[PDB]
Amino acid sequence: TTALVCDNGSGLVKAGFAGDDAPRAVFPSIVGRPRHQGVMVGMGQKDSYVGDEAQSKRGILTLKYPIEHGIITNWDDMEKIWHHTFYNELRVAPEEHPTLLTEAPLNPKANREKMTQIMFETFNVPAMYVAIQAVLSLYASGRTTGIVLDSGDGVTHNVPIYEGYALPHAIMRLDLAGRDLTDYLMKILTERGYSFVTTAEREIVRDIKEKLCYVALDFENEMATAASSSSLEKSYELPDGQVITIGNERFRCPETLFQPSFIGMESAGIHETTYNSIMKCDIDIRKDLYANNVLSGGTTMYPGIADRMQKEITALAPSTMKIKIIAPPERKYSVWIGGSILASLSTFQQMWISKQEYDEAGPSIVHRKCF
Amino acid sequence: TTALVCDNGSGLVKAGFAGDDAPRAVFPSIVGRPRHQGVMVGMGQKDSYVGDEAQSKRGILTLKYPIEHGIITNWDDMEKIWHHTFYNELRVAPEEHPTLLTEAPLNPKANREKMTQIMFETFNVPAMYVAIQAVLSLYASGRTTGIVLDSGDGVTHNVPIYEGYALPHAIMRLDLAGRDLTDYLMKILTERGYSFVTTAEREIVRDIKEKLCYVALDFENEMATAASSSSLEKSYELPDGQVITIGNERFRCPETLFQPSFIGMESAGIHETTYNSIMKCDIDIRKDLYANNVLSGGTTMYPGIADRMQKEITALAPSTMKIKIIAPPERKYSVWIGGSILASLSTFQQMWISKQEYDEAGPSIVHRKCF
Amino acid sequence: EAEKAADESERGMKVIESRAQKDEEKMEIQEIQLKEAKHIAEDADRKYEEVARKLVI
Amino acid sequence: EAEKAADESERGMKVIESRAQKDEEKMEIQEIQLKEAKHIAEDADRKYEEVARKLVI
Ligand SMILES: Nc1ncnc2c1ncn2[C@@H]1O[C@H](COP(=O)(O)OP(=O)(O)O)[C@@H](O)[C@H]1O
Ligand SMILES: Nc1ncnc2c1ncn2[C@@H]1O[C@H](COP(=O)(O)OP(=O)(O)O)[C@@H](O)[C@H]1O
Ligand SMILES: [Mg+2]
Ligand SMILES: [Mg+2]
């Protein structure tokens, strides 16, 4: 039979059968209970709208993501999300399909063990396998080397790989991602008068960020230009009218990636954690990693980031090496495409964690040889 | 049929069919298992890359030479190297070709006996013969007398020969060679800030030594000049950029040959062990040995050694004798050229150790008349 | 109309990127050949100077 | 959707054209230096042969 390539993610759940080009169903991972009282009788009001249904009734819900930073903080809601994904968005019972979840690097063990225990006890799948979210993004590019920066919505991690041999001592995981950029944008919009507070209006700020923000090639020049002319002010229409005008908030929101001091984080930007991740590698594979830097994940879709990052790394790196940044147009679904490719391989067909194996060793089987 | 003139050496395996001018395939003798984990599936990752393949993937391997000082310390790896040499670099099955290995003087017996046992049992050659590495280098020069200093990469030995009669009591074998010079160079580079530690970076230090180092004609004058001017500082580009500048480390690395006290060895340099080897000979053949001093082996390729050695010996020797140092341009492959010449001789065709002879007397046949 | 324009631009972009990548690979091969030529030149120069000095002596 | 696709296509075409021109320049200079180095190598080999013969004499 065919395998189910699910990809929990944090912000958008992407799923679909193995062997295709794009995920079959992509929908936000939010579960929102209603918060008001409700007076109409017999309206058929449910107790929790999940997935894309709660992005249409969000006016009277309190949306809450069940995955904070890669890790899962609310297991009941995550179980509800998985149940919805299997039964309503794909309509395939899990009793007859292997599953291939994905997990960020350096995550707590208990999260992974609970994930496998749920998949084997509640949904009762035949066999499931958990894979690191960066190796798949490297599969999708058709490479076999390269250092991949997978800046998702929950957590940004940077896994270097050479000739198929991952370097476990050079993984640099940073917890700045799309959600913190949404919060920072929502915080700097208040400098013009627009106040978004409700958890429903966070979605509106996210839409503003997606449609308007861009990464500046040079920060100081843009700050000077936006403060003199008015060629940058782009307007946007809220879900009820009252258009708003975003000035130099456009390139200040995604600039936080390269200067995490804006949101008070100490660490260095995504332009310098990649160079540090390279320098921890051996001295003889640094040229190949320099030449095959891969971008993935949703947050790396800002217009103009593949040039800013290349300029920064070229500034840091030695002058002789060639710096090349692979930015495929299908960046958002790169991890899932790689997952489909991996699940479609014949050599991989014996790596699944078969159910009888789980019955013999318990949920701690995932840390064992079947990784 | 044609004979296979293999030459194990220590650092570069040189092989080729008898009767040519140069070895057909020359490649480092290193076997390196991968050391990291490896995440790509189906990449076709082997368990051990040998020969010149492991000098390209050396970034993720742990290269380890199977021959320490002439002697062989790891028989499985040496067998793997021989198998590679026969099947992939020459592509001739050994069942139909005699072999002519080479061995340093004064080596342990068990090494030679195990070598012949392997060649007769595993590879199943028709007949093999083991020859001393210095007599061949004397063949290649077209002489019949002379004292040859064969400073390889493993061990430096100095065999005097007169009129074809070797003098077994005058062989002076010293264990300083190219590898110790590489280690000493890697140790003195730390005085400028460059630290090479990994077994892969030893190859980079070896390349630095080959391309930059030279032997000073007079040591103190060079030490004084390099400490005042800056006309010696030559720069070199690492495999990733960050050029380095070598100062008076250039002529201090190969100076260890003439003053083995630098690496803590007690013995006298290669300039004085040759004179001692001569003085042990009889009083009537010393003039001929003085006039026909032969250099061979890789490590004697330093620019300016054929003058320093002549100056030193002229200082030691009596003033009347003429000191001449034969330094052919084809020094590196001198032993193998001599091996080809010896294997191509008709008079030598009955000295091979035929397989039936080995079956009758066991591996200890090599010490017998068939030397 | 916009769909047609986008598809045409996509096809042009893909073909030009493919040709650029292939010519880049060939350029890398050319650089390797140039490096080998440099090494050969240096080695031959050393040969010549050494032989001339020996002849003088 | 079409507007965004067109913008991204334009930017990609720009960057690919720039990289292609860079590659063409690199190929040209590599070929030039390669030919010069090969001629120098020929000269060095010829000089080496002549001086070696004179040295034997
Ligand atoms: N076109 C876009 N431009 C800018 N940001 C985007 C775009 N699309 C998605 N994002 C950001 O990326 C996030 C989605 O990232 P995604 O790759 O789905 O995360 P995950 O790894 O959890 O799947 C969204 O929250 C949004 O903030
Ligand atoms: N051109 C060169 N200049 C200086 N040193 C060299 C040069 N070529 C080789 N060497 C040294 O000689 C060693 C090779 O010696 P070789 O004669 O191959 O040893 P073996 O007797 O085991 O074959 C290398 O390890 C290197 O350190
Ligand atoms: Mg992701
Ligand atoms: Mg030798």
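Protein chains in written order, with UniProt numbering: chain A, 7 to 377; chain B, 7 to 377; chain C, 115 to 171; chain D, 115 to 171. Note that the Cβ used here is the ideal one computed from N, Cα and C, for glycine as well.
Quick check: the Cα distance between residue i and residue j, rounded to an integer number of angstroms?
i                      : j                      : result
residue 327 of chain B : residue 319 of chain B : 11 Å
residue 4 of chain B   : residue 169 of chain C : Because chain B here runs from 7 to 377, residue 4 of chain B falls outside it and cannot be looked at.
residue 122 of chain A : residue 19 of chain A  : 17 Å
residue 156 of chain B : residue 143 of chain B : 8 Å
residue 154 of chain C : residue 246 of chain B : 22 Å
residue 236 of chain B : residue 102 of chain B : 59 Å
residue 121 of chain C : residue 115 of chain C : 10 Å
residue 238 of chain A : residue 119 of chain D : 20 Å
residue 117 of chain B : residue 148 of chain D : 48 Å
residue 47 of chain B  : residue 271 of chain A : 37 Å
residue 161 of chain C : residue 201 of chain B : 33 Å
residue 63 of chain B  : residue 244 of chain B : 16 Å
residue 171 of chain C : residue 366 of chain B : 57 Å
Grab me the residues of residue i's own chain with a C-beta within less than 7 Å of its C-beta, minus the 5 sequence neighbours each way, in chain order.
i                      : result
residue 283 of chain B : 153, 164, 166, 176 and 178
residue 286 of chain B : 175 and 176
residue 42 of chain B  : 66
residue 316 of chain A : 329 and 331
Quick one, which of the options has its alpha-carbon nearest residue i's?
i                      : options                       : result
residue 79 of chain B  : B:149, B:33 and B:160         : B:160
residue 229 of chain B : B:63, B:259 and B:209         : B:259
residue 191 of chain A : A:224, A:339, A:210 and A:181 : A:210
residue 14 of chain A  : A:367, A:33, A:288 and A:349  : A:33
residue 322 of chain B : B:347, B:280, B:286 and B:363 : B:280
residue 217 of chain B : B:312, B:188 and B:224        : B:188
residue 294 of chain A : B:84, B:65 and B:29           : B:65
residue 277 of chain A : A:306, A:290, A:291 and A:255 : A:306
residue 107 of chain B : B:21, B:204, B:232 and B:367  : B:21
residue 338 of chain A : A:140, A:98, A:84 and A:24    : A:140
residue 368 of chain B : B:83, B:23 and B:126          : B:126
residue 39 of chain B  : B:81, B:54 and B:25           : B:54
residue 49 of chain B  : A:352, A:364, A:361 and A:370 : A:352
residue 168 of chain B : B:267, B:292, B:243 and B:60  : B:292
residue 304 of chain B : B:158, B:360 and B:348        : B:158
residue 340 of chain B : B:365, B:41 and B:300         : B:300
residue 128 of chain B : B:196, B:84, B:59 and B:115   : B:84
residue 98 of chain A  : A:296, A:365, A:325 and A:23  : A:23
residue 181 of chain B : B:214, B:274, B:89 and B:242  : B:274
So, are the CB atoms of residue i and residue j less than 9 Å apart?
i                      : j                      : result
residue 27 of chain A  : residue 332 of chain A : no
residue 119 of chain B : residue 137 of chain B : no
residue 151 of chain A : residue 298 of chain A : yes
residue 31 of chain B  : residue 68 of chain B  : no
residue 263 of chain B : residue 311 of chain B : yes
residue 16 of chain A  : residue 73 of chain A  : yes
residue 37 of chain A  : residue 11 of chain A  : no
residue 146 of chain D : residue 127 of chain C : no
residue 100 of chain A : residue 131 of chain A : yes
residue 206 of chain A : residue 44 of chain B  : no
residue 212 of chain A : residue 251 of chain A : no
residue 123 of chain D : residue 124 of chain C : yes
residue 145 of chain B : residue 348 of chain B : yes
residue 232 of chain A : residue 257 of chain A : yes
Here's the rule: buried if 16 or more other CB atoms are within 10 angstroms of the residue's CB, otherwise exposed. What is residue i?
i                      : result
residue 355 of chain B : exposed
residue 221 of chain A : buried
residue 269 of chain A : exposed
residue 346 of chain A : buried
residue 289 of chain B : exposed
residue 150 of chain D : exposed
residue 314 of chain A : buried
residue 135 of chain D : exposed
Tell me which residues share the same chain as residue i and place their Cβ nearer than 6 Å to its Cβ, disregarding the 5 neighbours each side in the sequence.
i                      : result
residue 358 of chain B : 104, 133 and 135
residue 170 of chain A : 150
residue 194 of chain B : 255
In its own chain, which residues sit with a C-beta less than 8 Å from the C-beta of residue i, not counting the 5 before and 5 after it?
i                      : result
residue 3 of chain A   : No answer is possible for residue 3 of chain A: the residues shown for chain A start at 7 and end at 377.
residue 372 of chain B : 118, 119, 122, 136 and 359
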